[PDB]
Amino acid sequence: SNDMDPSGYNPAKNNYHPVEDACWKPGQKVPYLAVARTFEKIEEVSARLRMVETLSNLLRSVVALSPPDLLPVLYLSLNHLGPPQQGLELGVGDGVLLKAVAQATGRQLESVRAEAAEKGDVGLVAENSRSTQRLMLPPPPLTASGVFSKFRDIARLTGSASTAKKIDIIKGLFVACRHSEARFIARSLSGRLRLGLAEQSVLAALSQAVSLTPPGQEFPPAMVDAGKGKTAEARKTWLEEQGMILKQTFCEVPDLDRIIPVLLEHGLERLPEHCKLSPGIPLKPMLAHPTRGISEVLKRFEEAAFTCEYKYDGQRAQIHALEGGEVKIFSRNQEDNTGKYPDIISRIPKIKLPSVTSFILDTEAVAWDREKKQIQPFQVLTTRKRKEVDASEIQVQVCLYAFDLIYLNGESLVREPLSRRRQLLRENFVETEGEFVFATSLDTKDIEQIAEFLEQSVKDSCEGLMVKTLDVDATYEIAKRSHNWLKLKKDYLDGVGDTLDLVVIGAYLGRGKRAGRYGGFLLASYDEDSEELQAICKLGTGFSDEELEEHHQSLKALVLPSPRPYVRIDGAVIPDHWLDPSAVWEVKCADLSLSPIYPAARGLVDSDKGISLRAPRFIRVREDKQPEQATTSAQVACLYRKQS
C-alpha cells in the first residue's frame, strides 16, 4: 500500500498523480499535515497560477480518495468556519492564542508576546517554542476533518470560563502537532495564514480539480486527468469555462455547504441546475473601483452611458423578501443582520406594490434624524445594538436608500442591465420620505453637471458619487467583474480633503509581509498650549515597500527605551519602539472623529474625548518641518468643527 509519510507530501511536483502521489490511502481521513505541506508549497511561490495548480493537486487527491473531506479541506484553505450567514466565530484572537502558546510551553505570556512581535508571526513562535505538555501516550496524527471539527468546537464554547476551555482544545492540538502543523494551526487561529491564496484562487483550484478528476466514479477512477486528451489551448479554454460556471454559481450562492454536496453528486457541468440565486441566501455584492477624478471616470466609461448617484455614508443592507412573507437582511460580507433591523422588517409592506411576491434589494442603511429629517453621520449608525427584539426601543432610526434590484417575483435580474434593473426598482417599489427612498441620481455626461452634482452630494451629507454604466457591461454578474462600479469620493481628488502634518512618536513591528520591519506608526499633533505631543492616530498604509524600508532604517536611529515626558498617548496602543519626536509626515484622511482613546485636542471640542482620523494614509515626509511645525491640536479641533 501507499505508505508515504505526509512529511514528504509534495503537491507541487510535476506530473502529480492524485492516487499515487497522495500521502494517504483510499478511505483514509486526509491528514492535516497533507494540508500543511500544501500550504508550505503555496507560500513558497508568488504566481497565483502556480498556487492554484498546487492546491488543485491536493483537491484531486481528496476527491479521488476521501470525498467526505473536501468540505473541511476547503474551509481550512479559506480559514473560515462555515457559511458567513451562520455567524460562527472562534472567539480567539492573538490574545487567547498567545495565552495558549504560553501555557503549552510554560513561558510567561509577555515573553511569548515579545517574540511573536519580533518575528511578526505567531506560527513561528508556536513552531519554534518548546512544548511542556508531558503526555504518557503519543497522540495520533491530526486529520483535516479532526482539526476543522476542533475549530468549530472552539467556536461553540460560550459563557464564563469558556476562554480556558477554548485554550484546552488549542493545547490539545499543539501537543498532537508534527513538523509544520503547529505553524499553520496557530496561523489559522490568528487569522493570518499568509498563503497568498484566497477565495478566488480556491474556487479556481476547485473547478480545476473536479474538472480534471471528476467526482463520483467507481474506485479507482478511470478518469483521473480529463485534460490529457485535449490540446493545451483547448484545455485552457475548457478549464476557464468550467471555472466560470463555478464562480458565477458561487457568487449567487456563496455557500460551500450547499455547493460541494451537489458538486460531488452531479458534477460541475450540472451545477447551475441544482444551485441558483434564491431569496434567503445572501449573494456576493457588486463592489466599486476607486477613481481619482471626473476625467478618469469618462476615460473608464468612454461611450458607455452612465448614471451618477449619491454615495451615502451608511452600511450596506441586502434585503431579502422570500415568497411566503419572511424577510432577511444581510451585510456586505453576507452576515445575517436580520435581528439588527426589526424596524426595517416591519417596514417592508410599505415599500412594495401588491404584485411584489419576492425580491432582493441592494440598499444603504443610513442613520436618520426623524425630528430634523436629516441624515446622521455613520458614527451614529454604529451605536445601534446588534440584536434588537423590540423596534420600540430603537434610538437611532434608519432610512433605506435603495440603489439596485437583483431579484423580483421569482426571477433573477443578475443578467439584466442596470437601466432595466433600476426601472423595475422604480416601477414596483414605493418611496416614503425618511424611511425608504431611491438614491439621488443624475444621468449625464456633462463634466460641469457631474462636478456640480458631486459638490451637492457632499453638501447633502454623502461621501461623493457612485458612477455606474446603464447598458454596456451594466449587469450584476460578479464573476465577470466584481468591481463594475466607480466610486468618486471627495478625499480622492487632488488638493481636496483633510491633510495634516503629524509627528511620528512610535513604531509597531510589522506582521506577515511587514515582518522584520515597522508595520505601523503612532502619530501625534502638537498641543501648543501645553507644549506636548498628543497621539492622534496610527498609520499603516500609503507608503511603498521602498519608502517603508527607508522609514525603518531611518527611524531605527530614533528608538528610545522610554517615552519622552511631553508625549501623551493615553489609551493608544503602546508602541513597540518609542521614537524620539523628529519625523513629520503629511497624512490625508477622509474625516475626523471623536475618539474614545486618543487624547489629541481633548477639551477643545469635548471635555473627555480627543480626536482621531478616519482612514488615514501616508502621503509624503515633511523633511522641511520639525515637530514644532506639525499640525496643532487647535487646528485639529478647527478642522473637526468645520467638518461638522
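Counting begins at 1, following the sequence as shown.
Note on 518-526 vs 248-256: mean CA B-factor is higher in 248-256. Comparing 237-245 with 134-142, the stretch with the higher mean C-alpha B-factor in the PDB entry is 134-142. Out of 335, 218, 225, 477, it is 218 whose C-alpha atom has the highest B-factor in the PDB entry. Per the deposited record, 493 carries the highest C-alpha B-factor of all listed residues (493, 539, 281, 418).
Compared with the other modelled residues of the chain, the Cα B-factor recorded for residue 277 ranks in the middle third.
Sort the chain's modelled residues by C-alpha temperature factor and residue 607 lands in the highest third, per the entry. Residue 378: CA B factor in the middle third of modelled residues in this chain (values from the PDB entry). The deposited CA B-factor of residue 453 belongs to the highest third of values across its chain. The PDB entry assigns residue 401 a C-alpha temperature factor belonging to the lowest third of its chain's modelled residues.
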